[PDB]
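Let's start with one chain on its own, the form deposited without its partner chain, as structure tokens.
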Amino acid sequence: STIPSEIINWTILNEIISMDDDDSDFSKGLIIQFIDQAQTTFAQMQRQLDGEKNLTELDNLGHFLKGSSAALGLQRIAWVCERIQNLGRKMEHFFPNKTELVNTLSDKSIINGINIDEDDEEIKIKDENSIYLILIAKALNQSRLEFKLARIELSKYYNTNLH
């Protein structure tokens, strides 16, 4: 879908970076804070898919990660979280396949050598909500991929391997 083609919204990130002048490890410090939050919420979302299967929970978790990511200019992660929310509210009723989404990327050189299904959890989910939980579970595996690309991409600029 209309996922943004650029991994990073530089007009937002440049403004965070501007403040690195008086604080050397500032922007990198936010990024590294985000990388831990993201990993934690992905696991909390995965715990719900496999357990309570509460669509309000997956809405709130999608809400949290959408604010964090959107703040650092990580706009493809934010878009997927927005879908996780709308899917949990049954206001949207489908989610694209990985290939369709990966194909919108401004520069696909960033997926050289990596296996776009590396980080997938098997979707083991029958109920009226069953289809929304399956599509959230698809959106999460796309979120994990977008997370990784965000890390690879930020490494170019922070001169360290951010994953």
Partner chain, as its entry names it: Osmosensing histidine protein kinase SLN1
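Think of the rigid core as the biggest set of C-alphas that the two forms share within 1.5 Å after superposition. Residue numbers count along the first chain shown, from 1.
Averaged over structures and residues, the CA distance from the shown form in 5 other deposited structures of this protein after a core fit is larger for 105 to 113, of the two stretches 105 to 113 and 48 to 56.
Note on 93 to 101 and 25 to 33: with rigid core alignment, C-alpha atoms in 5 other deposited structures of this protein sit farther from this form for 25 to 33.
Looking at the other PDB entries for this protein, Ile125 is absent from the model in a third or more of those that include the residues around it. Where coordinates are absent for parts of the deposited sequence, a chain break appears; between neighbours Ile125 and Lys126 it spans 4 to 9 residues.
Higher mean CA B-factor, judged across 22 to 30 and 133 to 141 from the recorded values: 22 to 30. Per-stretch averaging of Cα B factors for 34 to 42 and 47 to 55 places 47 to 55 on top. Ranked by Cα temperature factor within the chain, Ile152 sits in the lowest third according to the deposited record. In this PDB entry, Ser69 carries a Cα temperature factor that places it within the lowest third of its chain's modelled residues.
The next section is about a form of this same protein that is not shown, the form solved in complex with its partner chain.
With respect to its partner chain in the deposited complex, the three residues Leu30, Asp59 and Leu72 uniformly fall within 4.5 angstroms at the level of their nearest heavy atom.
Here the chain stands by itself, but in the deposited complex one stretch of 44 to 52, 115 to 123, 59 to 67, 102 to 110, 59 to 67, has heavy atoms within 4.5 Å of its partner chain. Taking the partner from elsewhere, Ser18 is found to have a heavy atom lying within 4.5 Å of its partner chain in the deposited complex. Interface membership of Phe34, defined by any non-hydrogen atom within 4.5 Å of its partner chain in the deposited complex, is confirmed. Using a 4.5 Å cutoff between non-hydrogen atoms, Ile152 does not count as a contact of its partner chain in the deposited complex.
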